[PDB]
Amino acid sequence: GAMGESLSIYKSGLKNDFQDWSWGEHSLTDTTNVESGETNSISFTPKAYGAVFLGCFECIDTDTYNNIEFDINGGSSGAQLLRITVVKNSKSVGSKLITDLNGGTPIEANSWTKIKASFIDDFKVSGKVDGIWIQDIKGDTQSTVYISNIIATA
């Protein structure tokens, strides 16, 4: 197939053997803010440097997928301060601010925004990736965000 490959990580539920390694307070089965055509989202109240961490040891090979993507809803406030981190060889190897990945715009409140990061361009990483995390960097409690359609893409 000439169409670029894709690998679902969360689509109304964990897919393709991805595991919930999160340490922040969150739910994988939120039904209060859900994209049309989905049934659940991941809700995450960013606080105390917690994170939603979806892992699968060496499951994302950059010889097959160039990017990690997800849809995020800023909830009541939008503009959350979050970092996206890629894990390789069981260690964090690079981070980007979500506002940066969003073209320099804080994520909009009460609406869904596509976030895309290139493994090579944004993280300078290649080879086999073990997971991705979305982490609070404020410490102080931020308004809840919702995450949906997490996918690795060629």
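Heads up: residue numbers just count along the shown sequence, starting at 1.
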{"property": "93-101 or 111-119, whichever carries the higher mean Cα B-factor", "result": "93-101"}
{"property": "Average Cα temperature factor in the PDB entry - higher stretch of 56-64, 123-131", "result": "123-131"}
{"property": "Out of 51, 34, 48, 28, highest CA B-factor residue", "result": "48"}
{"property": "Peak C-alpha temperature factor (PDB record), options 16, 12, 141, 19", "result": "141"}
{"property": "Residue 80 CA temperature factor, ranked by third within the chain", "result": "middle"}
{"property": "Within-chain third of residue 86 by Cα B-factor, per the entry", "result": "middle"}
